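Structure record follows, encoded as structure tokens.
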Ligand SMILES: Nc1ncnc2c1ncn2[C@@H]1O[C@H](COP(=O)(O)OP(=O)(O)O)[C@@H](O)[C@H]1O
Ligand SMILES: Nc1ncnc2c1ncn2[C@@H]1O[C@H](COP(=O)(O)OP(=O)(O)O)[C@@H](O)[C@H]1O
Ligand SMILES: Nc1ncnc2c1ncn2[C@@H]1O[C@H](COP(=O)(O)OP(=O)(O)O)[C@@H](O)[C@H]1O
Ligand SMILES: [Mg+2]
Ligand SMILES: [Mg+2]
Ligand SMILES: [Mg+2]
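Protein chains in written order, with UniProt numbering: chain A, 4 to 124; chain B, 21 to 60; chain C, 51 to 148; chain D, 444 to 536; chain E, 250 to 398; chain F, 152 to 524; chain G, 6 to 526; chain H, 198 to 394.
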């Protein structure tokens, strides 16, 4: 039934996929946060070395087909355009908040109360 | 004592339409009420 | 295929044989399905025909009607365990009353 | 638990409705008339006149069935319904 | 039987009627002569028969069948007995004195325990208990390393 | 017996036969109680006959097996005896050669006819030696020919061949006979004895019954219901109940079921974590918090507020109020020790040890090396 | 259809409209394929094949064509099975019953299209069939005591049966031949005693019936050809290597002299057996197995005719013609008996030599030699002769005849109309449809003949309603004449079985729904 | 079987054949078979005959073991040839001396045996190794003997009417037995014009 001509999920599978994608995006740039972190490297198809570790450039030159990944990338881009510093810490904090809220959602708790508590905090 | 029916295609078509409408209503039933979520 | 006014059915074998009957169990045994639930109904009809012998499609009709009636209660918001318990209690009451 | 008993009672009347449909008369009207005639008098032998004989009494129409067979049918149908209502998963290739 | 391919030749009816009788009589005599020495359990290393098993169960003789070409020698060295290539009654010096031979089960597995009440003896057997094959293999390897040390 | 019935009803609570848990409890109790002393699980026969409901399942006090392949002289013998004598044999009763490695070199027709007559003479002598033992029922593993079947039908005797090994062993353990290979030693102490022997039609299949044995140490279960999956689930539930009763007999130590033991263990681990300092407190706290997943999953299966129930259970455990678990029908909490909910205590210990071993083995894994093919 | 898949891949299912439409289309096609060969002036068809050995046959029977076509429609398969059962029963009316069934199904199609319950149609058809079977028994002529009239009735029946095929040109002789061959059975229903030998040479005018018996076998070497006043003795033994002993006897000697003595003893035993065979005082030996060289010369040295290669059919035919029994053992010549024959010779028919047996005593069996130019014509003639013999045996065992030509169908239609004109309800439509389907057969016959069908049918109906309940249809000119004056006579049991089979097939196909087809292999 | 409150579906033989009418279905209190006589000249119908059920074929005895017959002279061959016919005549006289008029075997026959049976006036039915022998032994009440020496007068079944029936123009003949005693097995004959009917 329900001819949609495509693919769909259920309820918790999409949330788990989004949480995993956010965790992967956070772990991608989790080695160049503090002052003791090292730099990365980005190579294309023709052979162009790109040594950088600002976070925003790495997220822009990543090309990921995930909605949460694109949301995090555009958020980091907006943070870099409005300020310029602290482009990875905000993404890490957002990923940690999503991971913490996933455990509350899995505990039979309505997301509205969690959102209200997060806003109050 | 009469009123015999020898057609079954309209009945099956109506049943399929009712089933499709019920499936659509069940699919759109999530986004309803003040405690509803958003779809992507 | 229920009642004296019901007509007969015709089935085609794998080779090309023609079989016309109205016993119910024989019609379901040569239906060739692949949905598990249909195979379960066929096995139930075969067991009923082997035990009693009369009324092979009435039991599956009653089962389908009961499932259709329980679909509404499941869509409303009732646990399936409570529905099964109520159905078992009603069946026991009907058996004791008959 | 009163909602399951009503559903079982409503689903149990699918045989007279099917008989009236296969005969060629109004199913719901005949079922309501039979129920009223059974609740007004004191004789549980009023069925559906499928052969169009006039009287609806099954005691004089020589309509004899089985008791253990019907009991086994009801028990098997209830068991199958309980078993189907328990299954809620499938893993087919 | 004989190693060379050979059949039996019968002509009259007396031989056809007495062959099975004499065979059963000889089998019963051999079973009685084997159990006359005082043996309580017979451990074989080949194929058993139905008549032999029935005659052993009639005289209350335990039969243990196993084929590994190493476990038999280990049991013979443990109980202090020698192997006989024929179905002849053994001598007093070729007997296997034990302590307790029973059949129990541990962990849903039937096993035959040959526990001896002697402090010394010959060899021993370490029984391992666990829930994973990898842990049991690691424990066995640790035991082997300890034995080597 | 009451404790065994309660344990069986508790073990058969989350199964498919939950509506008839009070009927199978006495059955499994009587089955385990009559299992000698070593508790032989292979002695219990589980038969599945198509047809019938759950209430039609009966438990016999003897042995029962399916009818094997018959011949032409099977409907000429009586199928009902009062006090017969069962003689379990193991030799073939048919016209065949003596040995496969034999050769007869006859001379004239005299010795030929002599051998032809002596074959039937030996056959009749064997049939008479089997009949001279005073038996009425003949059971053997080897198939029986038509000659012996026709000979036994003329003297009003029952016979059946192609008997399996397990069925023969069960019949021997129920009656009290022995497997006799030769027919030259058929005395009186090697013959079976029963109180009744009939053969009715159950589900369209012919079955035999050998009930009425006071010295029997086995039984046979007749499971009815669905067709295949229902019978398999019923057999699995029966085996689980039998194992639970066997464990309760071998250990005679049961505790309160539900989520009371886990809550008490979590409370004890949380109270013990307030003594050892360092990094050991966080691990013990996490281990205690992880033990509360049983009541949460038990309350979440019916759509109940697991958080409030867990908080109430924690408050009741801290204020005391030892065997306080959850409730499904009451939608609250109650004492599981008074609700006749008992479970074997060794099962929880085994599960905890297995979980700890699995966690240790998973944590110990560092580098995984894979090879092609 | 439900979106959830239930059946396997490669399995279709028709509900009520499509299934009934396909069944009616198949029934109409089956009825129209054979409708061309129904009337007396019908033609023949060609049934060629390519999967076998390029077999080409030309016949006029409907059952043979339906069996050789190999249909695939489920209703067509049921119709073919019914036609085969009818042919195996009496074998005389298959096209008629299949046309009646097709017409009944075509009428039921229009009745269902008019919003009519199938149960009412079934009840009306059953009542019409009961009325027809009740009115048909009252219109039957009983015979048996008068042999003069019985012979004329048998001749007329044989002529009417033969005039519906390719034997219309030689009906003046084939009818008499079949009548003479039927009377030779002495009331025995064994149709296997009549041997049909087809040869390629002459035309249909050269066919005749032998008063004795013929055999297509050869005799031994150095044996007398013609033997006058002989005594045929049928035997059943193994002369070719007499080793009937199933014992494990093996020669385990140590010298060639012993083997030579054993061979001489075997030869002496064979000679003694041959002498014991001829000890009955016979001169014409007949065996069922093969004859080697020693028994052949042993029989030829004494002047005894030996016949080889004889199956069970030939032995039974010889025993029925002569009178001897199948003897063996040869120990008591008194309890064996012999035959009777005074004329034995060999004739040449075309290019082959056959043994002629004349001067018989009893003569329960007989042979018929058929001559034709084409294999298809010979097969058609053989089939027509077999059908004529079958219908003659049937009308002899029935001992009652019924005027054919179309009078029985008109009487049944009139009875059905009279029964329907007295009862109300919706059952009057089924009886009217049955009467129309019954009256359509003379219409189809007249259309295949080449005359006005509607006018003749109306005139016959008016005559049957006004009183002329014995007239029919003249095929020699196209008018209305009495059936008792011309010579057209059918049967009663054949028509009754045809009507019963048609009614049963109609009632079975009328209640057909949900055609579930499985996956083809 | 009221003493045990059960029946047996294996005793009721349900057989059908094409051809005929639907109203020709009748009950037969005997045993019907799908075979004929061993000889076409044998009498078809009988009024008073006894059933002699046999299992061994009409062949000389042969053991199932490995036997070898050695013939080293003419005397041995002559003795074997004489003993063959001697045993044949002995078994033929033993079949007749039992008083029965219709013997029933199981396997095939031969030529000399069939000729002797035809000369001694005794019909027989061949190829009945299925449940037909058991049905006849249950209905007629006669016993079954493995050999010929045990064929006594007490182990014979009483037959009332044994006559074969002929159908249409086909070559199929079926033998039916009727007019029996208190039998416990009946046959149901189904006739029709279609295969699915
Ligand atoms: N003459 C009758 N009078 C009343 N009810 C009938 C009659 N015949 C059949 N029925 C009903 O029709 C139902 C179907 O019966 P039937 O089609 O014969 O077998 P099945 O129950 O296997 O479909 C039965 O439950 C019975 O109650
Ligand atoms: N009647 C009952 N009352 C309270 N708790 C129960 C009851 N029945 C089952 N449980 C709980 O459900 C849990 C699951 O038990 P069960 O389904 O029998 O085996 P498993 O633990 O393998 O799922 C058990 O830990 C038990 O405490
Ligand atoms: N000489 C004749 N005169 C009148 N009617 C005839 C004649 N020959 C055949 N018929 C009619 O033709 C019909 C078909 O006959 P026939 O061909 O023998 O049977 P079928 O059509 O079944 O092969 C019959 O019903 C018969 O009435
Ligand atoms: Mg910075
Ligand atoms: Mg029915
Ligand atoms: Mg014709």
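Ideal placement from N, C-alpha and C gives every residue a C-beta, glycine not left out.
Requested in this report: Give, in chain order, every residue of the segment 512 to 526 of chain D whose Cβ lies closer than 7 Å to some Cβ of chain F.
Outcome: Answer in chain order: 515, 518, 519, 522 and 526.
Report task. Using a threshold of 8 Å, state whether the C-beta atoms of residue 539 of chain G and residue 80 of chain G are closer than that. Result -> Because residue 539 of chain G is not part of the residues shown, which for chain G are 6 to 526, the question remains open.
Query raised in the report: So is the beta-carbon of residue 101 of chain C under 7 Å away from any non-hydrogen atom of ligand 1?
Result: For the purposes of this step, residue 101 of chain C is taken as residue 51 along the third chain, with counting starting at 1. The answer is no for residue 101 of chain C.
Query raised in the report: Measuring from the CB of residue 417 of chain F, is there a heavy atom of ligand 2 at a distance below 7 Å?
Result: As a first step, residue 417 of chain F must be located in the sixth chain, where it is residue number 266. Residue 417 of chain F Cβ: outside cutoff for every heavy atom of ligand 2.
Query - Cutoff 8 Å: residue 476 of chain F Cβ touching any chain C Cβ - result: By 1-based counting over the sixth chain, the position of residue 476 of chain F is 325. False, the Cβ-Cβ gap to chain C never drops below 8 Å.
Query raised in the report: Any beta-carbon of chain K closer than 8 Å to the one on residue 256 of chain H?
Result: No chain K appears in the structure shown, which is made up of the protein chains A, B, C, D, E, F, G and H.
Report task. Starting from the Cα of residue 358 of chain H, find the closest Cα among H:248, H:309 and H:275 and give me that residue. Result -> Numbered from 1 along the eighth chain, position 161 holds the residue referred to as residue 358 of chain H. If you compare the alpha carbons of H:248, H:309 and H:275 with that of residue 358 of chain H, the shortest gap goes to H:248.
Report task. Starting from the Cα of residue 316 of chain G, find the closest Cα among G:508, G:242, G:247 and G:174 and give me that residue. Result -> Locating residue 316 of chain G in the seventh chain gives position 311, where the first residue counts as 1. It is G:242 whose Cα lies nearest to the Cα of residue 316 of chain G.
Report task. Name, in chain order, the residues that DSSP records as bridge partners for residue 266 of chain H. Result -> On the eighth chain, position 69 is the one that residue 266 of chain H refers to. In the DSSP assignment, the residues bridged to residue 266 of chain H are F:257 and G:254.
Requested in this report: Have a look at residue 256 of chain H and residue 327 of chain F and give me their C-alpha separation to the nearest angstrom.
Outcome: Residue 256 of chain H sits at position 59 when you count from the first residue of the eighth chain. Residue 327 of chain F sits at position 176 when you count from the first residue of the sixth chain. For residue 256 of chain H and residue 327 of chain F, the distance between alpha carbons rounds to 47 Å.
Query - Cβ-based burial, residue 399 of chain G [other Cβ within 10 Å; buried from 16] - result: Locating residue 399 of chain G in the seventh chain gives position 394, counting from the first residue. Classification of residue 399 of chain G: buried, given that the 10 Å Cβ count is 16 or more.
Query raised in the report: When DSSP builds the beta bridges, which residues end up paired with residue 83 of chain G?
Result: Counting from 1 along the seventh chain, the entry for residue 83 of chain G is found at position 78. DSSP output for residue 83 of chain G lists no bridge partner at all.
Query raised in the report: Who are the neighbours of residue 251 of chain G on chain H, taking C-beta pairs under 7 Å?
Result: Numbered from 1 along the seventh chain, position 246 holds the residue referred to as residue 251 of chain G. The contacting residues are 256, 257 and 259.
Query raised in the report: Going along the chain, which unbroken runs of the alpha helix (DSSP H) with 4 or more residues stay wholly within the segment 470 to 519 of chain D?
Result: The segment 470 to 519 of chain D is shown to contain whole alpha helix (DSSP H) runs of 4 or more residues at 470 to 483, in chain order.
Query raised in the report: Which ranges does the beta strand (DSSP E) cover as unbroken runs of at least 3 residues, wholly within the segment 281 to 308 of chain E, from first to last along the chain?
Result: With a minimum length of 3 residues, the continuous beta strand (DSSP E) runs that stay inside the segment 281 to 308 of chain E are 290 to 293.
Query raised in the report: Just checking, does the segment 361 to 380 of chain G make contact with the segment 333 to 348 of chain G on the three C-beta pairs under 8 Å criterion?
Result: Yes, since at least three Cβ pairs between the segment 361 to 380 of chain G and the segment 333 to 348 of chain G fall closer than 8 Å, the two stretches touch.
Requested in this report: Could you tell me whether the segment 505 to 525 of chain D touches the segment 231 to 240 of chain F, using the rule of 3 or more Cβ pairs below 8 Å?
Outcome: With contact defined as three or more Cβ pairs closer than 8 Å, the segment 505 to 525 of chain D and the segment 231 to 240 of chain F are not in contact.
Query raised in the report: DSSP state of residue 516 of chain F, grouped into three classes?
Result: Within the sixth chain, the letter at position 365 stands for residue 516 of chain F. Residue 516 of chain F falls in the coil class under three-state DSSP.
Query raised in the report: So, using beta-carbon positions, are residue 278 of chain F and residue 246 of chain F closer together than 8 Å?
Result: As a position in the sixth chain, residue 278 of chain F is number 127, starting the count at 1. As a position in the sixth chain, residue 246 of chain F is number 95, starting the count at 1. No, these two residues do not count as a Cβ contact at 8 Å.
Query raised in the report: If you measure from the CB of residue 80 of chain A, is any heavy atom of ligand 4 nearer than 7 Å?
Result: In the first chain, the residue the question calls residue 80 of chain A occupies position 77. No heavy atom of ligand 4 is found nearer than 7 Å to the CB of residue 80 of chain A.
Query - residue 417 of chain G versus G:354, G:431, G:436 and G:405, residue with shortest Cα-Cα distance - result: For the purposes of this step, residue 417 of chain G is taken as the residue at position 412 of the seventh chain. Cα-wise, what sits closest to residue 417 of chain G is G:436.
Query raised in the report: Can you name the residues of chain F whose CB is closer than 9 Å to the CB of residue 343 of chain E?
Result: Counted from its first residue, the fifth chain places residue 343 of chain E at position 94. At a C-beta separation below 9 Å, residue 343 of chain E has no neighbours in chain F, since its nearest C-beta there lies roughly 29 Å away.
Query raised in the report: Could you give the C-beta distance for residue 301 of chain H and residue 333 of chain H, rounded to a whole number, given that I count them as a contact under 8 Å?
Result: Position 104 of the eighth chain holds residue 301 of chain H. Position 136 of the eighth chain holds residue 333 of chain H. With 8 Å as the limit, residue 301 of chain H and residue 333 of chain H qualify as a contact, their Cβ atoms being about 7 Å apart.
Query - residue 478 of chain G - DSSP class collapsed to helix/strand/coil - result: Against the seventh chain, residue 478 of chain G aligns to sequence position 473. Note: residue 478 of chain G maps to coil in three-state DSSP.
Report task. Tell me, please, whether the CB atom of residue 86 of chain G is closer than 8 Å to any CB atom in chain H? Result -> Residue numbering aside, residue 86 of chain G sits at position 81 when the seventh chain is read from its first letter. Chain H, which has a Cβ nearer than 8 Å to the Cβ of residue 86 of chain G, makes this yes.
Report task. Closer than 8 Å by beta-carbon distance: list the chain H residues that pair up with residue 263 of chain F, in chain order. Result -> Here residue 263 of chain F is taken as the residue at index 112 of the sixth chain, counted from 1. Neighbours of residue 263 of chain F across chain H, judged by C-beta separation under 8 Å: 264 and 266.
Requested in this report: Taking 8 Å as the cut-off, decide whether the C-beta atoms of residue 407 of chain G and residue 470 of chain G are in contact.
Outcome: Stepping through the seventh chain from its first residue, residue 407 of chain G is reached at position 402. Stepping through the seventh chain from its first residue, residue 470 of chain G is reached at position 465. Not in contact: residue 407 of chain G and residue 470 of chain G (Cβ atoms no closer than 8 Å).
Requested in this report: Name, going along the chain, the residues of the segment 71 to 105 of chain G whose beta-carbon falls closer than 9 Å to a beta-carbon of chain C.
Outcome: Under the 9 Å Cβ criterion, the segment 71 to 105 of chain G contributes 77, 79, 80, 82, 83 and 86.
Requested in this report: Taking C-beta pairs closer than 7 Å, name the residues in chain A that residue 40 of chain B reaches, listed in chain order.
Outcome: Mapped onto the second chain, residue 40 of chain B falls at position 20. What residue 40 of chain B touches in chain A: 4.
**Report entry** Chain-order list of residues whose beta-carbon lies under 7 Å from that of residue 442 of chain G (same chain, five-residue window excluded)
**Finding:** One-based indexing of the seventh chain puts residue 442 of chain G at position 437. Cβ within range, chain order: 105, 108, 109 and 112.
Query raised in the report: residue 169 of chain G: beta carbon under 7 Å from a heavy atom of ligand 6?
Result: Taking the first residue of the seventh chain as position 1, residue 169 of chain G is located at position 164. Checking the Cβ of residue 169 of chain G against ligand 6 gives yes.
Query raised in the report: Under the rule that 16 or more other beta-carbon atoms within 10 Å means buried, what is residue 31 of chain G, buried or exposed?
Result: Walking along the seventh chain from the start, residue 31 of chain G turns up at place 26. Its Cβ being crowded by 16 or more others within 10 Å, residue 31 of chain G is buried.
Query raised in the report: Quick one: which chain B residues come within Cβ less than 7 Å of residue 433 of chain G?
Result: Taking the seventh chain and counting its residues from 1, the one referred to as residue 433 of chain G is at position 428. Chain B residues near residue 433 of chain G: none, gap ~15 Å exceeds 7 Å.
Report task. Measuring only between beta-carbons, confirm whether residue 339 of chain F sits less than 8 Å from chain E. Result -> Residue mapping note: residue 339 of chain F aligns to position 188 of the sixth chain, counting from 1. For residue 339 of chain F, no Cβ of chain E is located within less than 8 Å of the residue's own Cβ.
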